[PDB]
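Engineer: Below is the structure I would like to discuss, written out as structure tokens.
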Amino acid sequence: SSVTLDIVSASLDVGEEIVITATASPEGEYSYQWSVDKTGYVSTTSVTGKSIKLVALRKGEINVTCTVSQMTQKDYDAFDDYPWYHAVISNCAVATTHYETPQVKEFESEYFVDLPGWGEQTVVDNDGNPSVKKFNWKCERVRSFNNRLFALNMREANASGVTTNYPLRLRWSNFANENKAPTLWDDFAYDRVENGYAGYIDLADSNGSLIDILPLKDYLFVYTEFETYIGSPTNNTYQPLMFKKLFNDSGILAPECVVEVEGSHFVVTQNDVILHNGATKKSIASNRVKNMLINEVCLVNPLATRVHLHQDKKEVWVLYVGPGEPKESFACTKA
Amino acid sequence: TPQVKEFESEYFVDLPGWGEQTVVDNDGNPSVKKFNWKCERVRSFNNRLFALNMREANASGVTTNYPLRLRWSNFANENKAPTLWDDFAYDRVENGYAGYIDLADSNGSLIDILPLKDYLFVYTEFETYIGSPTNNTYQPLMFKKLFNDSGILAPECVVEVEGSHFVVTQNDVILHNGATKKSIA
Amino acid sequence: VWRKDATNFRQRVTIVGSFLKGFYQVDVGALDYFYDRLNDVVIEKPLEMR
Amino acid sequence: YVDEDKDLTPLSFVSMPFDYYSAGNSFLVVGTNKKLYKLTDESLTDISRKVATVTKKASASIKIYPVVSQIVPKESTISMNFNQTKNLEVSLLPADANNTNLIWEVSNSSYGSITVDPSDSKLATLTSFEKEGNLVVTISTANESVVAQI
Amino acid sequence: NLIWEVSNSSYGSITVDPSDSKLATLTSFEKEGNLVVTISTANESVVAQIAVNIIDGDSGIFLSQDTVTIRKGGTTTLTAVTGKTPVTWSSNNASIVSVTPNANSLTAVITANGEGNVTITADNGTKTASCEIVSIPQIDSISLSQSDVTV
């Protein structure tokens, strides 16, 4: 029910401390999340506790708020054909399933929560009045690279929320922080009138679907079943990443059929295995097991093919579903 | 604390500037304050000093561990050690910049570090890195990922032999000259 | 086992998320768990190399 | 790890090595068709993101008085020499003398029956005694690290 | 246009009446406490806030937290509301729990030393408030893994 606080104003000096306590009308159990209007000027500790300690740090007014929430159970819909991918950044994990948000887990947290800034887009009204709004963004895969986070096949919505799928869109966030995940995904920042730029390129290729992505020695390598790419990150400028076409026939099979082994990539180009160090590719199964793997994988479910770097014994196997299994099964049997 | 020993001294003393952080109050009034900084390893490179797995404290001194933080100091002096570790300098309104990058990798713990022919080589048991120092600019050091499986075992399982590094990648020995690694065992 | 063969200094093991309602190790002593749809039961048998 | 995982069909997982709440021990972040679970060889926990059905906000304002001019002040009469037993009054002001008070202290408080009495509002008076020597007058603030010298 | 709203609409027979054209009037009641006046727009996400404090008289005083439960070694804070700047504190059983009024003298920090009830209070000169405190040990109970061991 309605919440009230016995404290509404206070006078402090830099170096002095103060503690505020939140108390809702009912005596139930709820979750708390403190917020601040103007960043800085104060230091917080244990924001999830009903008693926060503040420390004046700089001059200026401020308006603190405490958001009480009655958390409840909620079931997801991550089917077998749309499982989790579980990237890693700053010791924090991510979920990144289809139909739902990536749902990062902070390092200093014990529960999963949606990504911060996910869906934020800067809007400027008449006379140049900026404002921010959140839209229903849904992704298919998320990974980490150059202290940033990426996204593939974004279902970017907008006002008049008939969703428009952009299977070639690819957004990148700002740099990481101390034991935290990125906090800005909006491309239309710096429009409120120097560093920390986010954006996209909207690639142009064949068959799209922008399924997979993986880094290699500071150079990204995008795969979409055809027309692979390369990512060249710059220090800081208008174009932080310039993507250049690499191949015309190469392209990964499934979203997780690639892995780095030795300054190279182990990819499945719809016809065989390739091992390219960059600008040159080879065939590890030219005329040895090609007709065997294509036959064994093309029968039941090729999209279930996977890989794993068995560095413990210098082996890289490509998991796939056995020959005799249901067409609706994704449990890899042979390797 | 690291407890450096000066060249013209006969006793050990804490590092100068260790914990210094520039604060700017209302109207842009600068000031400096020292906080409880605790490190795990410190080395020398490019006339600078480094730090790994800093336990950087602050006002309201509930410490927040940053196992991926990595600070670097200014250049050396005549028979003395660096004297500035604060990243928030030049805020009081040209050279001698200190800062950090807050790497993003797996399993963290940023255990070890070692230089190689002007290029650093950070190891954290996974996802090694490389350090490219520039002359002087906004970004003095730009760290680029090198490997995805390589990573040192313990904080002192690496040493330079011949323009390369002798590392233990949790499974065997490797000897990489830079951009290419091998297996000695 | 007293001392099982190790492939890492930290003694890390590769685990699998199996369809048989549980986890499974992939590289261990000779044993293979083959599933049967007839009786809907898990069956363990020696690992057959050929 | 526990007897509760033997009845679970996981779809993916990652070995998180550390966590603020966890000690120096690794754990797992495993997901299922509907939920996300965590196990650390001791117990199973569902850390799936929960949805907030109801939310209530609380307004709270705060005022931070200016910190400018509270830093070390400046002195007009940095030094003032007088005769043997002269009691010339002292005239000075801190930096804008705004938002705070000060405390006048003198080292070796033996150069007068009452060397420096408690300042009435902001300043106090000075006296002397029939003896020579060097001394220092520290005008210290209430508690902040601001100690001047005259 | 806007809509004037006030939390805990019990501080007057008619706290804030519907604004005639743009603004409305305010009243009060014979009671103290902290409240908030939210001036919300029609429907857009614009919710302001105004903090007012009923001093309970001319120079009265009332503390924010009345009852507190602190663990040994912990610390809390107190907030007062007065018209006179001079705010001299006074706590019975002084040497069981310390207090350190800040510069403004309207806020004071508490520091628990040992277990034991304390009734820290202030004194404006005409009125006086109180704040009961109950120090609790760092522990409430323990437990073991076995009770019927056999060796």
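Residue numbering restarts at 1 in every chain; chains get A, B, ... in the order shown in the structure tokens, and ligands count up from 1 in that same order.
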With a distance cut-off of 7 Å and only C-alpha atoms, select the neighbouring residues of range 26-28 of chain C, excluding the residue or stretch itself and same-chain residues fewer than 5 positions from it, and output the selection as a VMD selection string.

Structural biologist: chain C and resid 14 to 16

Engineer: Could you list, as a PyMOL selection string, the residues of chain D having an atom within 8 Å of chain C when counting only C-alpha atoms?

Structural biologist: chain D and resi 5-12

Engineer: Mind the document's chain letters and residue numbers, and return as a list in words the residues of range 136-300 of chain A that DSSP labels helix (DSSP H, G or I).

Structural biologist: residues 290, 291, 292, 293, 294, 295, 296 and 297 of chain A

Engineer: Could you pull the residues within 12 Å of residue 43 in chain E, counting only C-alpha atoms, minus those fewer than 6 positions along the same chain, as a short mmCIF file (atom, residue, chain, number, x, y, z; two decimals) with N, CA and C atoms, in the first residue's frame?

Structural biologist:
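Heads up, here's the output in selection-v2.cif:
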data_model
loop_
_atom_site.label_atom_id
_atom_site.label_comp_id
_atom_site.auth_asym_id
_atom_site.auth_seq_id
_atom_site.Cartn_x
_atom_site.Cartn_y
_atom_site.Cartn_z
N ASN E 1 -2.17 21.09 -17.66
CA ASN E 1 -2.54 21.32 -16.27
C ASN E 1 -1.84 20.28 -15.39
N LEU E 2 -2.05 20.40 -14.08
CA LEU E 2 -1.44 19.49 -13.12
C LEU E 2 -2.47 19.08 -12.09
N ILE E 3 -2.08 18.14 -11.23
CA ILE E 3 -2.93 17.64 -10.16
C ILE E 3 -2.12 17.63 -8.88
#

Engineer: Sorted by chain and rising residue number, which residues of chain E lie within 7 Å of chain A, and what are their closest atom pairs and distances in Å to one decimal, counting only C-alpha atoms, as CSV?

Structural biologist:
residue,atom,partner,partner_atom,distance
E:33,CA,A:6,CA,6.4
E:34,CA,A:6,CA,4.4
E:35,CA,A:6,CA,6.6
E:51,CA,A:8,CA,4.9
E:64,CA,A:6,CA,5.5
E:76,CA,A:19,CA,6.2
E:77,CA,A:19,CA,5.2
E:102,CA,A:16,CA,6.8
E:104,CA,A:11,CA,6.8

Engineer: One decimal, in Å: what's the spacing between CA of residue 72 in chain B and CA of residue 131 in chain B?

Structural biologist: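 Atom-to-atom, CA of residue 72 in chain B to CA of residue 131 in chain B, that is 11.9 Å.
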
Engineer: Please identify all residues of chain D having at least one atom at most 6 Å from any atom of chain A, considering only C-alpha atoms, and return them as number ranges by chain.

Structural biologist: D: 11-12, 19-20, 33-34, 47-52, 54-66

Engineer: Write a file of the just-selected residues containing C-alpha atoms, as a PDB file, in the first residue's frame.

Structural biologist:
ATOM      1  CA  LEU D  11      20.100 -26.579 -20.993  1.00  0.00           C
ATOM      2  CA  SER D  12      23.296 -24.616 -20.267  1.00  0.00           C
ATOM      3  CA  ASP D  19      30.858 -13.826  -6.179  1.00  0.00           C
ATOM      4  CA  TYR D  20      30.598 -11.107  -3.542  1.00  0.00           C
ATOM      5  CA  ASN D  33      13.370 -24.689 -19.464  1.00  0.00           C
ATOM      6  CA  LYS D  34      11.739 -22.226 -17.051  1.00  0.00           C
ATOM      7  CA  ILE D  47      17.927 -17.181  -8.458  1.00  0.00           C
ATOM      8  CA  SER D  48      15.543 -16.630 -11.356  1.00  0.00           C
ATOM      9  CA  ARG D  49      14.662 -12.968 -11.792  1.00  0.00           C
ATOM     10  CA  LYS D  50      11.433 -12.163  -9.970  1.00  0.00           C
ATOM     11  CA  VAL D  51       8.824  -9.759 -11.338  1.00  0.00           C
ATOM     12  CA  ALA D  52       7.500  -6.824  -9.307  1.00  0.00           C
ATOM     13  CA  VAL D  54       3.408  -3.646  -7.142  1.00  0.00           C
ATOM     14  CA  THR D  55       5.800  -0.739  -6.612  1.00  0.00           C
ATOM     15  CA  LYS D  56       5.698   2.355  -4.407  1.00  0.00           C
ATOM     16  CA  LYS D  57       8.075   5.318  -4.442  1.00  0.00           C
ATOM     17  CA  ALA D  58       9.220   7.565  -1.603  1.00  0.00           C
ATOM     18  CA  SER D  59      10.326  11.171  -2.024  1.00  0.00           C
ATOM     19  CA  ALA D  60      13.245  12.451   0.037  1.00  0.00           C
ATOM     20  CA  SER D  61      15.151  15.699  -0.477  1.00  0.00           C
ATOM     21  CA  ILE D  62      18.628  16.533   0.810  1.00  0.00           C
ATOM     22  CA  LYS D  63      20.586  19.794   1.011  1.00  0.00           C
ATOM     23  CA  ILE D  64      24.394  19.838   0.998  1.00  0.00           C
ATOM     24  CA  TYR D  65      25.728  23.179   2.184  1.00  0.00           C
ATOM     25  CA  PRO D  66      28.560  24.600   0.060  1.00  0.00           C
TER      26      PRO D  66
END

Engineer: Pick out the chain A residues within 10 Å of chain C. Count only C-alpha atoms. Give them as a PyMOL selection string.

Structural biologist: chain A and resi 310-313+329-333

Engineer: Please identify the strand (DSSP E) residues within range 27-102 of chain E (assignment by DSSP from backbone atoms) and present them as a PyMOL selection string.

Structural biologist: chain E and resi 33-41+50-54+67-71+75-79+88-90+97-101

Engineer: Would you kindly report the residues of chain B within 10 Å of chain C, using only C-alpha atoms, as a list in words?

Structural biologist: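 Close enough to count are residues 153, 168, 169, 170, 171 and 172 of chain B.
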
Engineer: Write out as a list in words every residue belonging to chain B that has an atom at most 8 Å from any atom of chain D, counting only C-alpha atoms.

Structural biologist: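 Per the criterion, chain B yields residues 25, 26, 27, 28, 29, 107 and 108 of chain B.
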
Engineer: Would you put the residues from that selection into a file with N, CA, C and O atoms, as a PDB file, in the first residue's frame?

Structural biologist:
ATOM      1  N   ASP B  25      34.886  19.532  -4.711  1.00  0.00           N
ATOM      2  CA  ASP B  25      33.678  19.870  -3.975  1.00  0.00           C
ATOM      3  C   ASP B  25      32.831  20.837  -4.803  1.00  0.00           C
ATOM      4  O   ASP B  25      33.093  21.076  -5.984  1.00  0.00           O
ATOM      5  N   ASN B  26      31.797  21.401  -4.182  1.00  0.00           N
ATOM      6  CA  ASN B  26      30.924  22.335  -4.878  1.00  0.00           C
ATOM      7  C   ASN B  26      31.722  23.524  -5.402  1.00  0.00           C
ATOM      8  O   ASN B  26      32.682  23.982  -4.777  1.00  0.00           O
ATOM      9  N   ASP B  27      31.312  24.023  -6.567  1.00  0.00           N
ATOM     10  CA  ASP B  27      31.910  25.150  -7.276  1.00  0.00           C
ATOM     11  C   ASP B  27      33.257  24.780  -7.891  1.00  0.00           C
ATOM     12  O   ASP B  27      33.931  25.667  -8.432  1.00  0.00           O
ATOM     13  N   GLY B  28      33.672  23.519  -7.832  1.00  0.00           N
ATOM     14  CA  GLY B  28      34.944  23.116  -8.399  1.00  0.00           C
ATOM     15  C   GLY B  28      36.120  23.404  -7.488  1.00  0.00           C
ATOM     16  O   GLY B  28      37.125  23.971  -7.924  1.00  0.00           O
ATOM     17  N   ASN B  29      36.004  23.017  -6.218  1.00  0.00           N
ATOM     18  CA  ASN B  29      37.080  23.201  -5.257  1.00  0.00           C
ATOM     19  C   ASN B  29      37.812  21.880  -5.079  1.00  0.00           C
ATOM     20  O   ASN B  29      37.270  20.968  -4.435  1.00  0.00           O
ATOM     21  N   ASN B 107      36.898 -15.704 -14.859  1.00  0.00           N
ATOM     22  CA  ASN B 107      37.537 -16.218 -13.650  1.00  0.00           C
ATOM     23  C   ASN B 107      38.378 -15.152 -12.953  1.00  0.00           C
ATOM     24  O   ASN B 107      38.868 -15.378 -11.843  1.00  0.00           O
ATOM     25  N   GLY B 108      38.538 -13.993 -13.588  1.00  0.00           N
ATOM     26  CA  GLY B 108      39.220 -12.861 -12.993  1.00  0.00           C
ATOM     27  C   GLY B 108      40.444 -13.189 -12.164  1.00  0.00           C
ATOM     28  O   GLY B 108      41.255 -14.048 -12.523  1.00  0.00           O
TER      29      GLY B 108
END

Engineer: Any idea what's packed within 7 Å of residue 134 in chain E, counting only C-alpha atoms, ignoring anything in its chain fewer than 4 positions away? Could you give it as JSON, numbers by chain?

Structural biologist: {"E": [68, 69, 70, 116, 117, 118]}

Engineer: Kindly give the distance, in Å, that separates CA of residue 174 in chain A and CA of residue 230 in chain A, rounded to a single decimal.

Structural biologist: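 CA of residue 230 in chain A lies at a distance of 19.6 Å from CA of residue 174 in chain A.
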
Engineer: Quick one: residues within 6 Å of residue 30 in chain D, only C-alpha atoms counted, chain neighbours fewer than 5 positions away excluded, as a PyMOL selection string?

Structural biologist: chain D and resi 12-13+36-37

Engineer: Taking only C-alpha atoms into account, which of D:110, D:99, D:121, D:127 comes nearest chain E?

Structural biologist: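 Closest candidate: D:99.
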
Engineer: Figure out the distance between CA of residue 203 in chain A and CA of residue 247 in chain A, please, to one decimal in Å.

Structural biologist: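 Pair CA of residue 247 in chain A / CA of residue 203 in chain A returns 14.0 Å.
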
Engineer: Per residue of chain B within 7 Å of chain A, record the nearest atom pair and its distance in Å to one decimal, counting only C-alpha atoms, with rows in chain order and ascending residue number, as a Markdown table.

Structural biologist:
| residue | atom | partner | partner_atom | distance |
| --- | --- | --- | --- | --- |
| B:24 | CA | A:58 | CA | 6.7 |
| B:25 | CA | A:58 | CA | 4.1 |
| B:26 | CA | A:59 | CA | 3.6 |
| B:59 | CA | A:43 | CA | 6.9 |
| B:60 | CA | A:43 | CA | 6.7 |
| B:66 | CA | A:178 | CA | 5.7 |
| B:69 | CA | A:178 | CA | 6.9 |
| B:102 | CA | A:178 | CA | 6.1 |
| B:103 | CA | A:147 | CA | 6.5 |
| B:104 | CA | A:90 | CA | 4.7 |
| B:105 | CA | A:89 | CA | 6.1 |
| B:106 | CA | A:91 | CA | 6.2 |
| B:107 | CA | A:91 | CA | 6.5 |
| B:108 | CA | A:91 | CA | 6.6 |
| B:144 | CA | A:218 | CA | 5.5 |
| B:145 | CA | A:218 | CA | 5.1 |
| B:146 | CA | A:217 | CA | 4.5 |
| B:147 | CA | A:217 | CA | 6.3 |
| B:148 | CA | A:260 | CA | 6.8 |
| B:171 | CA | A:312 | CA | 5.9 |

Engineer: Could the residues in this selection be written to a file with C-alpha atoms, as an mmCIF file, in the first residue's frame?

Structural biologist:
data_model
loop_
_atom_site.group_PDB
_atom_site.id
_atom_site.type_symbol
_atom_site.label_atom_id
_atom_site.label_comp_id
_atom_site.auth_asym_id
_atom_site.auth_seq_id
_atom_site.Cartn_x
_atom_site.Cartn_y
_atom_site.Cartn_z
ATOM 1 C CA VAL B 24 36.264 18.260 -6.249
ATOM 2 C CA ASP B 25 33.678 19.870 -3.975
ATOM 3 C CA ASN B 26 30.924 22.335 -4.878
ATOM 4 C CA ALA B 59 34.216 6.901 2.028
ATOM 5 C CA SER B 60 31.709 4.638 3.750
ATOM 6 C CA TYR B 66 37.780 -5.086 -7.971
ATOM 7 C CA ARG B 69 41.320 -3.312 -11.582
ATOM 8 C CA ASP B 102 39.048 -2.514 -15.499
ATOM 9 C CA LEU B 103 39.502 -5.507 -17.789
ATOM 10 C CA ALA B 104 36.653 -7.903 -18.630
ATOM 11 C CA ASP B 105 37.593 -11.591 -18.643
ATOM 12 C CA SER B 106 36.682 -14.978 -17.158
ATOM 13 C CA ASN B 107 37.537 -16.218 -13.650
ATOM 14 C CA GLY B 108 39.220 -12.861 -12.993
ATOM 15 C CA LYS B 144 44.041 -5.970 -26.638
ATOM 16 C CA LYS B 145 42.894 -9.538 -26.082
ATOM 17 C CA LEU B 146 45.370 -12.195 -27.203
ATOM 18 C CA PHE B 147 44.107 -15.674 -26.278
ATOM 19 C CA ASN B 148 40.938 -17.359 -25.039
ATOM 20 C CA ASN B 171 47.510 -28.030 -18.880
#

Engineer: Per residue of chain E within 9 Å of chain D, what are the shortest atom pair and its distance in Å to one decimal, counting only C-alpha atoms, with rows by chain and residue number, as a Markdown table?

Structural biologist:
| residue | atom | partner | partner_atom | distance |
| --- | --- | --- | --- | --- |
| E:36 | CA | D:59 | CA | 6.8 |
| E:37 | CA | D:59 | CA | 8.9 |
| E:38 | CA | D:59 | CA | 8.5 |
| E:48 | CA | D:59 | CA | 8.4 |
| E:49 | CA | D:59 | CA | 6.1 |
| E:50 | CA | D:59 | CA | 8.2 |
| E:51 | CA | D:61 | CA | 7.1 |
| E:103 | CA | D:100 | CA | 7.9 |

Engineer: Might you pull out every residue within 10 Å of residue 87 in chain E, with only C-alpha atoms counted and same-chain residues fewer than 5 positions away left off, and present them as a list in words?

Structural biologist: residues 61, 80, 81, 82, 101, 104, 105, 106, 107, 122, 123, 124 and 125 of chain E

Engineer: Taking N, CA, C and O atoms for each residue, export the selection above as a JSON list (two decimals), in the first residue's frame.

Structural biologist:
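out.json, written as the output of this step:
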[["chain", "number", "residue", "atom", "x", "y", "z"],
["E", 61, "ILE", "N", 10.27, 20.08, 18.75],
["E", 61, "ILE", "CA", 11.23, 19.14, 18.19],
["E", 61, "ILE", "C", 10.61, 17.76, 18.19],
["E", 61, "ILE", "O", 9.90, 17.38, 19.13],
["E", 80, "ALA", "N", 16.46, 15.78, 13.64],
["E", 80, "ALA", "CA", 15.55, 16.62, 14.41],
["E", 80, "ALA", "C", 15.01, 17.74, 13.52],
["E", 80, "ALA", "O", 15.49, 17.97, 12.41],
["E", 81, "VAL", "N", 13.99, 18.43, 14.03],
["E", 81, "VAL", "CA", 13.35, 19.52, 13.32],
["E", 81, "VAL", "C", 13.03, 20.61, 14.33],
["E", 81, "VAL", "O", 12.25, 20.39, 15.26],
["E", 82, "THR", "N", 13.63, 21.79, 14.16],
["E", 82, "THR", "CA", 13.42, 22.90, 15.07],
["E", 82, "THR", "C", 13.51, 24.20, 14.28],
["E", 82, "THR", "O", 13.84, 24.21, 13.09],
["E", 101, "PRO", "N", 26.98, 15.09, 17.68],
["E", 101, "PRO", "CA", 26.21, 16.01, 16.83],
["E", 101, "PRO", "C", 27.05, 16.61, 15.71],
["E", 101, "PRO", "O", 28.20, 17.02, 15.93],
["E", 104, "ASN", "N", 25.61, 21.03, 11.64],
["E", 104, "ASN", "CA", 24.28, 21.63, 11.65],
["E", 104, "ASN", "C", 23.63, 21.52, 13.03],
["E", 104, "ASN", "O", 22.74, 22.31, 13.36],
["E", 105, "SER", "N", 24.06, 20.54, 13.82],
["E", 105, "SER", "CA", 23.53, 20.31, 15.16],
["E", 105, "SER", "C", 22.11, 19.73, 15.11],
["E", 105, "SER", "O", 21.52, 19.45, 16.15],
["E", 106, "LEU", "N", 21.57, 19.55, 13.91],
["E", 106, "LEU", "CA", 20.28, 18.91, 13.72],
["E", 106, "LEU", "C", 20.41, 17.43, 13.41],
["E", 106, "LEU", "O", 19.40, 16.75, 13.21],
["E", 107, "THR", "N", 21.64, 16.91, 13.36],
["E", 107, "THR", "CA", 21.88, 15.50, 13.08],
["E", 107, "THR", "C", 23.00, 15.02, 13.98],
["E", 107, "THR", "O", 23.96, 15.74, 14.25],
["E", 122, "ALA", "N", 17.15, 14.81, 23.23],
["E", 122, "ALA", "CA", 17.63, 16.15, 22.93],
["E", 122, "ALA", "C", 16.93, 17.15, 23.85],
["E", 122, "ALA", "O", 16.08, 16.77, 24.67],
["E", 123, "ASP", "N", 17.29, 18.43, 23.73],
["E", 123, "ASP", "CA", 16.68, 19.47, 24.54],
["E", 123, "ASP", "C", 16.78, 20.82, 23.85],
["E", 123, "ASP", "O", 17.84, 21.45, 23.86],
["E", 124, "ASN", "N", 15.68, 21.28, 23.25],
["E", 124, "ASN", "CA", 15.68, 22.58, 22.60],
["E", 124, "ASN", "C", 15.56, 23.77, 23.55],
["E", 124, "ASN", "O", 15.91, 24.90, 23.19],
["E", 125, "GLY", "N", 15.09, 23.52, 24.78],
["E", 125, "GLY", "CA", 14.90, 24.56, 25.77],
["E", 125, "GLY", "C", 13.48, 24.72, 26.25],
["E", 125, "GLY", "O", 13.27, 25.12, 27.40]]

Engineer: Name all residues at most 10 Å from residue 12 in chain E (count only C-alpha atoms; drop same-chain ones fewer than 5 positions away) and give them as a CSV table (one decimal) with N, CA, C and O atoms, in the first residue's frame.

Structural biologist:
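So the final result, stored in around-v4.csv, reads:
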chain,number,residue,atom,x,y,z
E,26,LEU,N,-3.6,25.3,1.2
E,26,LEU,CA,-3.1,24.3,2.2
E,26,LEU,C,-3.6,24.6,3.6
E,26,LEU,O,-4.0,25.7,3.9
E,27,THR,N,-3.7,23.6,4.4
E,27,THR,CA,-4.1,23.7,5.8
E,27,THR,C,-3.2,22.9,6.6
E,27,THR,O,-2.1,22.4,6.2
E,28,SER,N,-3.6,22.6,7.9
E,28,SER,CA,-2.8,21.9,8.8
E,28,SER,C,-3.7,21.3,9.9
E,28,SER,O,-4.9,21.5,9.9
E,29,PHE,N,-3.1,20.5,10.8
E,29,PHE,CA,-3.8,19.8,11.9
E,29,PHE,C,-3.0,19.8,13.1
E,29,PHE,O,-1.8,20.1,13.0
E,30,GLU,N,-3.5,19.5,14.2
E,30,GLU,CA,-2.8,19.5,15.5
E,30,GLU,C,-2.1,18.2,15.7
E,30,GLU,O,-2.4,17.4,16.6
E,31,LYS,N,-1.1,18.0,14.9
E,31,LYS,CA,-0.2,16.9,15.0
E,31,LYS,C,1.1,17.2,14.2
E,31,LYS,O,1.1,18.0,13.3
